[PDB]
Peer 1: 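Sharing a structure with you now.
For the numbers below, each heavy atom of this structure counts, side chains included, while hydrogens, waters and symmetry mates do not. Reminder, nothing fancy here: chain letters follow the sequence lines and each chain counts from 1.
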4 protein chains.
Amino acid sequence: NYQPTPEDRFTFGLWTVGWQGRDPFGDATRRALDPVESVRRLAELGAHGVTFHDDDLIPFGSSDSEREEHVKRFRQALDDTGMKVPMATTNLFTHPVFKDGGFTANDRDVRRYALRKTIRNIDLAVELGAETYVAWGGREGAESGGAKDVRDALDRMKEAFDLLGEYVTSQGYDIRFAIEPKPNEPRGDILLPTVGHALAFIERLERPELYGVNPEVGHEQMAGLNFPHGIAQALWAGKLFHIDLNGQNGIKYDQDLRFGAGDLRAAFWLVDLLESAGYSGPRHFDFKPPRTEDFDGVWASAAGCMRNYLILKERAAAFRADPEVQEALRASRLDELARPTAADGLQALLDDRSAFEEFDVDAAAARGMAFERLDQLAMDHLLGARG
Amino acid sequence: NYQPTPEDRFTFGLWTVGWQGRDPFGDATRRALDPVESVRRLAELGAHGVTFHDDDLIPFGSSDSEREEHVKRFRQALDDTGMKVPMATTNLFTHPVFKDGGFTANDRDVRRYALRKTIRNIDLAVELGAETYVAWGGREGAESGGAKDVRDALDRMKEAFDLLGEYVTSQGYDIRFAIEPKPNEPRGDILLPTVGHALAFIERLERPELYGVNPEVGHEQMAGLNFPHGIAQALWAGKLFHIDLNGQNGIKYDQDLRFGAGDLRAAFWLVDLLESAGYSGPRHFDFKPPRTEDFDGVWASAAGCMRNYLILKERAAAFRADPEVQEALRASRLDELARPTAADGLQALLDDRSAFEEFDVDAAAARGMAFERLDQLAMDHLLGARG
Amino acid sequence: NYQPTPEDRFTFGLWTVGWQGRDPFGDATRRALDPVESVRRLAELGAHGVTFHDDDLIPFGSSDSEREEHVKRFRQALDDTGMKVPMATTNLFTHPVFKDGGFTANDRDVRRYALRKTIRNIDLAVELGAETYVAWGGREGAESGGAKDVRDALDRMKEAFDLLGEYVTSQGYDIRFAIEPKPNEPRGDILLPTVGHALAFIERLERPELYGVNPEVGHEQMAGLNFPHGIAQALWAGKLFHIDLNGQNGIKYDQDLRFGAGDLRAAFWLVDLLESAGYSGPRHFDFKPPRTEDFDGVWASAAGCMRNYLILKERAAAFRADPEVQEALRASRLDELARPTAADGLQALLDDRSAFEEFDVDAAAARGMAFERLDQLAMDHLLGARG
Amino acid sequence: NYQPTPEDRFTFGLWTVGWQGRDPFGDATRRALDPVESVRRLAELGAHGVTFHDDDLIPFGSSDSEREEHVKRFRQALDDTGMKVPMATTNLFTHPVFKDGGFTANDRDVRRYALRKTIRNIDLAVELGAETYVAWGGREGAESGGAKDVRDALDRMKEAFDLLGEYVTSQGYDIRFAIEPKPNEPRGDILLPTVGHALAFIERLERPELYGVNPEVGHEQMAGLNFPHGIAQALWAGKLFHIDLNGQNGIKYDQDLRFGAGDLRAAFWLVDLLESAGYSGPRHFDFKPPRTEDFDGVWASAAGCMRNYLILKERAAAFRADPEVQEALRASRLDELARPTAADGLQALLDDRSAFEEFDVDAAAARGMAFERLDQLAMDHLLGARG
Ligand SMILES: [Ca+2]
Ligand SMILES: [Ca+2]
Ligand SMILES: [Ca+2]
Ligand SMILES: [Ca+2]
C-alpha cells in the first residue's frame, strides 16, 4: 500500500532525478536525462508535477528558435501525462558570471543581467501555469568580512525583489514569490540564512503580501535548528507558500537525501504539523539520488520520498486520533496552552491577587508536566507498536 | 594604554562577575558577591554601568521592607560611584515554577504569574533609569515534539509582549523592549532561536516600534551563523536596541567567554561594523569568568572584555583609514555594491539591451573580485603587521 | 509486550533517575532519592542492575562508620531485589577541588588526591561485584590554549592509568577499566574527546589489555560523528567493554535524553550492530529524565529506555532475517565486501592483468550500488510497514 | 618583511593553486594551469616544494609514452627552480569507478584496481624523491547504515595498507605512509573520521612504524574538535609525519581557506605547538583560492598562507620568551603539570597521609588557576599590543 496518486500533490524538480552525480571531488556517474523522459517516468510513479530552473529546460545560450522547440516538446510531455508545473525558479548560480552573486553581486552590470534573466523566466513560468516562483540566493554572500557590506547588499536584495514585484503587478500575473533560505554552501555564509531571517526581510519589501518562504528540511538542520518549529513560525505568519522536503544528517554539507532519511522523528513532527494545519501547497522533493546509484536507484529513491511521507501521515493521524493520546495531551496541559493568558485584560490581571500576592508558587512548581509519557506514546505510534 | 573610561559605555550584568561557578556537573567555586561590592569594583575598572535581573538584586521572596532596603543600599552605591543602570531584565528561569516556561508555560496560572513578576520589575527599572528592558525566553520551548504546540505558544508569546507594551504605554514610561535570542539550552530547542526569528516575530506585535533585539555573539554562533551578518540585518531593520558581547568556540554549550575570546576575526568584523554604523547603545558583556578563577581572575577577565574591544576598535579604524585599503575596496567594487541596480526603473531596465541581449557574459565572468588581497590587508591590520 | 526482564541486562546509574533537575540556569525540581528506593523501583521495572559514583552512595566527607552504614543498607537492598552492580566509577568533577581536573590538574597535590579517592572506590566496587570500572575525565581539559600543555597532560593521564593498573594487578582484582569519552562540557575542550582518541591513547598504556572504552551515544553525536561507525571500530579493536545508551539531538549541550529519543535511525543501526556482533555486556542508560517531570515521569522515562531498545531489537532482527533483504544485500555486494581483496598475495596481484592493464574501468563504473533500495527496505522494517 | 624562503619548508599541492573553481553548484571560473607554470610561479613566491596526485601530473588514461613525456617536463621544471617533491598521493576519488570507494569499495575488482593504481604511483613518488605518501580515503564510507558493514570495511582497509607496507618493504623504499582524516564529505560519513580514529587504526597494522597521520586544520574543525589538542596527541604518539594547513569557519562544508583564515586563535596555538615541539616536516597548504578570484588572486592567496604562518611564528616566539608570561605560567602551575604525579610509586602514594587522610581539600579548592590573566597576555602578544 502507501501508493501515491496525483491528489497527494507530490512534485519533483527536474534537477533532482536529473542530477548526474558530479560533486566537488568527482565526475558525473550518470548520463543526462531528457526533460521529457523525467516527466514520463515521474508520472508513472504517481507524482503530481515537476518544477524547473530556466537552464534545466532551455540550455544556456539557446537561440529563440531552439528555446521555442524545447518548450514545445516539454509541453507535449505535460499534455501526454497530465503533469502540472506548480513552481519554477531561475538559475543564478552555475554560470561563472554569478560567482559573487546575482541580485547582490558587487558588479552592477551583473545585477542588471540577473534581473533580466529572472524576468524572462517569470513569463515562461506563468505560460506553464506556475503559481509560485522561488528564489534561492545561493551565491549571495561572502567568504570574508570585507568583501560584502551586508547593509548595502540587503538594499540591493530589497531593490531586486521590489522590482520583480513591480513587474508581476504591472503584467497582472497571479504568481507569488518564495525565498528558499540556506545558511551556507556554496558561499561561506549566505545572506538570509534561515527561515527567520527571510521572514524578517519580507516585512521590509514594498508589497510584502506577494512574498513568502520555501523552507527546506535539510537547510534549517544545517544550522542545528528544529525544522517543525521553524515551519510553525512560518505558518503562524501566513507565509508558508511552498516547502522543500528531503533528509539531512546534522550539521555538515547539504546532503539532499530522500525524504524520511536523516532525522526521522523531525520528519514525523513535520508531517503531523503540515496535515493538522491543513497545508495545501505542493509537497516538493528537493533531493539528490546518491551518485552511487544507477537509473534504477534514481527511480527507487524518488518513489521512497513519496512512500515515507504517506507512512508518516498515517502514523501522525493515528497518534492524534488515539483517545489515550488525547487524554495525555490534557494531562500535559496542551489545552491550557491554547487558552488566552489574560483575556480579562491588563487591569484585571494587575488587580488579581491569585496571580501574584496569593499565588502558591511551590504547589505550581510541584506539578509534573508528564511530557515523557506523551513522547513515548508518540514513539510507539511512529514505530507501529501500539498493538 | 587601551584604558577604558565611562564614555566607552561598557556595562556588565551583576550575574556576570557575580557568577559563583556552579555548572551542571559541579558546585560553586566562589562565594556570593554583594551587589554593592560589584558596583564599586566595576567603577574602579572603568565601566559605565551595570545591569540586573530582579532576583540578582532582591532575593526571591523578600518582604516589601527588605526589598526597600536592598534597593536603597544599591542606589547609594550607584550615587557613590557615578554608575548607571541602562538595562534590566526579569528572572523567569531559575525557580522551579518556570520549568516549562514563563510567558509560554502550558499552565495558564504560571503565565499570569510571569507577567506580574515582570511588570513589578519594569517599575523598578524605570525608577533606576533603565532605557532598555530585556527578555530572554530561556525556558520557552521543548525537549519533545508533542509537548509544545508552537503556533499556540507564539500566540501566548505575542499576548505577553502586547500586554507589556500596553502597560508601559499606559504608565507613560520611556522604556523599550529587546528580545535576546538563543537557539537552545537549557531547553532542547528554544522559541525565537535566532536574531532573524526574533525580528520576524516583532513585526506581528501590536506596537512593533517598542521592540527590538539584544543579540548575543555566542548565541548566533551556537547555530553556526555569522554574527556580524546578523547584526547588519538588525541595523538595517532599525532594531539593534542593545548588544551582548562575549566569546564562543563554535557549536556547543553556551560558553560566555570574555569578549575577544572565541572567534577573534568575527569580533574584529563586529567592532568594525558597530563603529562604522555609529551604534550608540551600551557595550554590554554577558560573560562568565571561568570557574577555574578566584576573585583576582574575575576582575582580570572583566578588564579584558573592555581591553579587547578597544584594541579591536583601533585596528578596525586603521583598516578603514588606510588609503591602500580604500583602493582595494574599489578594486573589489564595494563602491558599486552601494549604487542602485536600477534607479532608471523597471521599463528602462527592460529596454536596455546592454543588460541582456548584448551583455558580454564571458567578459564579466573573467573579472577577478580581488577579495583575497583585501582580506589579507584586513589580516595584516588586525595583527599589527602593516609596519 | 516489549517487557524487559533481568536477562536483557538493562542497567541504570543511581545519578540518572536520581537527577534532581538542577541545570546551569535553575534549581532542583525534584527532591533527592534514597539509593535504596531507586534500587527497589528499578527492580520492579525490570532492570538487571545499578551503577554508582562513590559520592552517589556515600556522601562526600562521611566518616568511616557512616560509610559502613550506607554500604550496609545498599547491600540489603541489592539482596532483597536480586539487583547487581556491574560497573562503578569515581566522582572527580563535582567538588571545587577538581575545577582544573583530577588526573590532569595542574596542581600535583590534587592529582595525588584524585588517585587516592579513585583507589578507595575500586576496593568498594570489587566488594560489590563490579566487573568494569569507568573513568570519565569531565574536568580534564581547558577553556584556553596556554592553560594546559596537552603533551604533559597526556603524560599525567598515562601515569594515572598505569598506576591504577598496577594497583588492580597487585591486589589480584578481576576488574577492567573503560574510558567514557566526551568532546566538551563542562570544560571548553576535554582531553581524549572521542572513541578514536581514547582507543589510540590506550595502546600507549603499559598494560593495554586492561583498558577499553565506554562510548556514549550522545557524546559522539556532540561531535557530529556516526555512533554505530564508532562502535564498529571499537568492536573491531576488541575494546567495547561497556556502553552508555541515551539520545541526543545533534551538536549542542549534552542532553542525555532517554534511549530512542534523538537520532532514531542511528539507534536502530546501533541495536542491529550490538545484537549481530553478540555484544554481551550491560545495556546501561546514562540519561536524565527531563526536569519538567515529577517522580511518575522519572519512572516512565526510565521504562521507555528499555522499551525502545526491545522494539528496535525486534525490527533489526526482522530486517536481517527477511529473504528479500538478504538478496538486496547481495545486489549491493555486501558479500564481496567481506571477501579478502588479495588473499592470492602481493606478487599475484601485481602480475594480474585483469586488475589493471585489462580492467574495464567504464563497465565497473556503470554498475549501480543499489543502496537506496536497500535503505528503503530498512526504513520499511523500522516503521513496521512490510505488511 | 615576513618573506618566506625555501628553508621555511612551505609546500603546496598542484591541485591547490590549480583548482579551477568548480563547486557542486557551478562551473569552472579559471582555466587549467600547466603543472610546469605552477612550479615556476610557486618558486618565485618562496615555496620549498610541491605535492601531487598521480592524476594531477599524468592525465588519466595516458599511454606510457605520454606519461614519460609529462614526467620529463615536470622534472625539467623542478631542476630549473630547485623545487622539491616531499609528498605524493593517489587520486582514488574523481573517476566514477571509485563512487563506493577504493580500498573499501564493496566490489572486489575495484579494490584490486585501487591497489594497482596506488602502487604505480608509489614508484613514481620515490623516483621524484618523496618521503611521505599520503592516503585520503574520501570515498570510503556511506550515506546509509546497511550499505557498509564497518567491521568488514576496516578489515579491507587494514588489508590494503598491510599490502602497501609489504610492497615498500620488498622494494627497499625509504617512504612512509600518512593517513589524512576527514569526517564527512563527499560521503555522508567517512571511515577513520578524525586523527584519533586514524591513530587507533594504525596500531592494528602489521608494521605500525611505517604509518602516521597527515591531519588537516579544517577537517578536525568540521567535527568541532580542537586542532592543536589533536596535533599534541599525534606528537605525543610519535605519528605526526606531515601536516595540512588551511582555514575553516566551524562546522560546515570543507572550506579549504587560506591558512590563518578561519579560527585565528587556533592557528596561533598550532604554530606555537609546531615550533615548540620542533616539528621539522613540511608546512603544506591544502587550500583552495576562492572561485571569486582570477589568477592574480590565486597567487595572492597562496602568498598569504605563508605570510600568516610567519607572523604567527613571530608572535608565538615573543609570547614564550616574555618573562612576564614565564612567571604567569608558573602562577598557573604549568611547571607542576610537567612533574610526575607519583615518581615515589604506588605504595608510597598509598601510605602518604598528605594525599588523602590529611589533605586539606578546601584550601586546595580556594587557589585560583590564574588562567584568564595568562590568556589575555597571549591575546596581547597575538595582536601586537604589549607595546
Ligand atoms: Ca539542500
Ligand atoms: Ca550566552
Ligand atoms: Ca551525556
Ligand atoms: Ca579540506
Peer 1: Could you go step by step and tell me if A/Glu203 and B/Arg204 meet the salt bridge (charged side-chain N to carboxylate O under 4.0 Å, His left out) rule?
Peer 2: CA-CA 10 Å; A/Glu203 301 293 327; B/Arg204 288 285 190 285; 3.1 Å; yes
Peer 1: Pairs in or reaching into residues 330-370 of chain B: which pass ring-ring contact (aromatic ring centres under 6.0 Å, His included), with residues at least two apart or in two chains?
Peer 2: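 As it turns out, the ring-ring contact (aromatic ring centres under 6.0 Å, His included) pairs with a partner in residues 330-370 of chain B, which skip direct neighbours, are A/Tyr113-B/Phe356, A/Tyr113-B/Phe359.
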Peer 1: If you measure from CG on A/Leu350 to CG on B/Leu115, what distance do you get to the nearest 0.5 Å?
Peer 2: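 Here the interatomic distance stands at 9.5 Å.
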Peer 1: If we only count heavy atoms from C-beta on, is the A/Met369 to B/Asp107 side-chain gap below 4.5 Å?
Peer 2: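 Touching, per the 4.5 Å side-chain cut-off.
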Peer 1: Out of curiosity, A/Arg111 CZ to B/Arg339 CZ, how far, rounded to the nearest 0.5 Å?
Peer 2: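 Nearest 0.5 Å value for the CZ-CZ distance: 8.5 Å.
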Peer 1: Highest number of heavy-atom pairs under 4.5 Å with chain A: which of B/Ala338, B/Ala153, B/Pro340, B/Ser332?
Peer 2: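 Max contact count across the listed options: B/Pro340.
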Peer 1: Contact part of B/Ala266 toward chain A, heavy-atom cut-off under 4.5 Å: side chain, backbone, both or neither?
Peer 2: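 B/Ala266 has no heavy atom closer than 4.5 Å to chain A.
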Peer 1: Under 4.5 Å between any side-chain heavy atoms of B/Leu192 and A/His229, yes or no?
Peer 2: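 With C-beta onward as the side chain, the pair stays apart.
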Peer 1: In Å, rounded to the nearest 0.5 Å, how long is the span from CZ of A/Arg151 to OG of B/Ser276?
Peer 2: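 Atom-to-atom, A/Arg151:CZ and B/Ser276:OG are 5.0 Å apart.
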Peer 1: Decide yes or no for B/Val97 and A/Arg367: does some side-chain heavy atom of the first lie under 4.5 Å from some side-chain heavy atom of the second?
Peer 2: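 Heavy-atom side-chain distance check fails, nothing below 4.5 Å.
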Peer 1: At a 4.5 Å cut-off on heavy atoms, which part of B/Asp344 comes close to chain A: side chain, backbone, both, or neither?
Peer 2: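 Contact with chain A is through the side chain of B/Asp344 alone.
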Peer 1: Quick check on A/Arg265 against chain B: is it the side chain, the backbone, both or neither that has a heavy atom closer than 4.5 Å?
Peer 2: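 Looking at A/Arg265, nothing touches chain B.
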Peer 1: Return the CD to CG distance between A/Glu336 and B/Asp109, rounded to the nearest 0.5 Å.
Peer 2: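 Taking CD in A/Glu336 and CG in B/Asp109, the distance rounds to 7.0 Å.
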Peer 1: Counting only heavy atoms closer than 4.5 Å, note whether B/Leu273 contacts chain A via side chain, backbone, both or neither.
Peer 2: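 For B/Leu273, side-chain heavy atoms alone lie under 4.5 Å from chain A.
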Peer 1: Is any side-chain heavy atom of A/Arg112 closer than 4.5 Å to a side-chain heavy atom of B/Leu349?
Peer 2: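 Result yes, sub-4.5 Å side-chain heavy-atom pair found.
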Peer 1: Could you walk me through whether A/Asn106 and B/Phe371 pass the side chain to side chain contact (heavy atoms under 4.5 Å, CB included) check?
Peer 2: CA-CA 11 Å; A/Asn106 282 359; B/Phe371 293 154; 3.7 Å; yes
Peer 1: Go through the atoms of B/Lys158 and report whether side chain, backbone, both or neither lie under 4.5 Å from a heavy atom of chain A.
Peer 2: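 Side chain of B/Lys158 only, per the 4.5 Å heavy-atom cut-off to chain A.
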Peer 1: So that I can tick it off, tell me whether B/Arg116 and A/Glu357 are bridged by a salt bridge, with the cut-off set at under 4.0 angstrom between side-chain N and carboxylate O.
Peer 2: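 Salt bridge present between A/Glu357 and B/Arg116.
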Peer 1: Go through the structure and list residues passing ring-ring contact (aromatic ring centres under 6.0 Å, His included) with B/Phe201, not counting sequence neighbours.
Peer 2: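 B/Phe201 satisfies ring-ring contact (aromatic ring centres under 6.0 Å, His included) with A/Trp236 only.
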Peer 1: Need one label for B/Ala378: side chain, backbone, both or neither, based on atoms under 4.5 Å from any heavy atom in chain A.
Peer 2: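 For B/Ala378, neither part sits under 4.5 Å from chain A.
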